[PDB]
């Protein structure tokens, strides 16, 4: 085809294949419990990193070699990207993709012009969607790149920016609905502060809640049925981002009575940046009924910034997928690759190699996690571990019959409390048996 002529459609070839352009573990067609591997995993391509990132970092310029680099007019570039994107979706065999409104079309000098450019590109994507197998997983609004967002979007000290932010999200909800997106994401990149000295924290949090509330009202109004998702990150670019982690978000949603409308999009790199294991954040969201979708990537725990690397640690993908299987699998969410090739991986085909690495790592982890759940390896131990709550004083405690007085009566009468081993080391070695089975 046109943009990636050197790369043919990627196909499954098994763990012993030497072909770099093939899946080693991910077999889209493999059936597990009545669903193909493809529908269990719901892989999604991130439009921003894949088609707009150029290798630029804070200390250097673009390194990425891209076939659509030669166009000078912003609209020609936007159209070329849509073509390249759909060629890519077809070759990588991706069922989904995600985008920011500002990834797909350039801004104009006014909001009207910006919206006209957006309509042109949306119309084009819609034609491709009619003949592509790839669908939109979720859409979102970029409320952080443009200079107007210096002081925040809905948390801006400038009411005009709040007004603009509302207008942009209104448009973004409309195009997400039109393209058939199944979710809509909010990542508050500039929703936080840089210094407490000039910040009215209560006022900003009140406004943030007003904004989110206006967004759910508008979604109902136009009948958008996709799941609303908040994406936590502790910091960067801000010193403190309000949606610090899953718990912070829940504290916020419950206070402002927004908790019945939102779930969370958890990103591995953002979890570890807050000093939580990816699995902790997944588990905590699960038991709170808010594990909505996942941004599949990894950071480096020795680096204190968002690296957005393709995930290749299969021990981590296993522990992650264990949580997804425990909740019954994805509903509307999926595994969105919010990951970018390293600045040194600047050749076009590296886009393919990066995704193959991540898709294989997650496919393998899914298969192992699935055996861990099916064999009830950890669940049996957990049952035996907490068995004292099944009868006796424990049953009274869980049923609401016990209180401080009755428990004291009980406790004065017992002389020896005997505990048993937590078996962490044993549990970890069993995990290895399954990993390398």
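Positions refer to the first chain, counted from 1.
Stretches compared: 148 to 156, 327 to 335. Higher mean C-alpha B-factor in the entry: 327 to 335. Legend: mean Cα B-factor per stretch from the PDB entry, 299 to 307 versus 106 to 114; the higher mean is in 106 to 114. Residue set 376, 42, 61, 49: peak C-alpha B-factor at 376 (per PDB entry). Across the options 200, 191, 90, 281, the residue with the most elevated CA B-factor in the record is 90. Compared with the other modelled residues of the chain, the Cα B-factor recorded for residue 170 ranks in the middle third. In the deposited entry, the Cα temperature factor of residue 139 sits in the bottom third of values across the chain's modelled residues. Ranked against the other modelled residues of its chain, the C-alpha B-factor of residue 267 as given in the entry falls in the lowest third.
The entry lists a Cα temperature factor for residue 224 that places it in the highest third of the chain's modelled residues. Among all modelled residues in this chain, the alpha-carbon of residue 260 has a temperature factor (C-alpha) in the highest third.
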